[PDB]
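Only one structure is covered here, and it is reproduced in the block below.
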Amino acid sequence: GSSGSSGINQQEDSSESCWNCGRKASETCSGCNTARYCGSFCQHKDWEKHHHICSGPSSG
Ligand SMILES: [Zn+2]
Ligand SMILES: [Zn+2]
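Residue 1 is where the sequence shown starts when you use PDB author numbering, and the numbers rise one by one after that.
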């Protein structure tokens, strides 16, 4: 007889990726703490567009 159903891969993938680029995120939206970015610079540029979904730290 033969038997041996072996083959299970555990899920593993950091939840830190720049929404804009995608490579890697270092910072995070200081308004909702959901949108990740590789740096404030990437946030400011992807902010005026992102904020269109989140409230934000300041309303102006
Ligand atoms: Zn980026
Ligand atoms: Zn946000």
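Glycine included, each C-beta is placed from N, C-alpha and C at the ideal position.
Across the set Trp19, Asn20, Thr28, the C-alpha of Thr28 shows the shortest separation from the C-alpha of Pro57. In the three-state reduction of the DSSP assignment, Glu16 falls in the coil class, being assigned neither a helical nor a strand state. Under the 10 Å beta carbon count, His52 is surrounded by fewer than 16 other beta carbons and is classified as exposed. Counting only residues whose CB is nearer than 6 Å to a non-hydrogen atom of ligand 1, the list in chain order is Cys18, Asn20, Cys21, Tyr37, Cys38, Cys42. Proximity of the region 1-9 to the region 21-41 falls short of the contact definition, fewer than three beta-carbon pairs being nearer than 8 Å.
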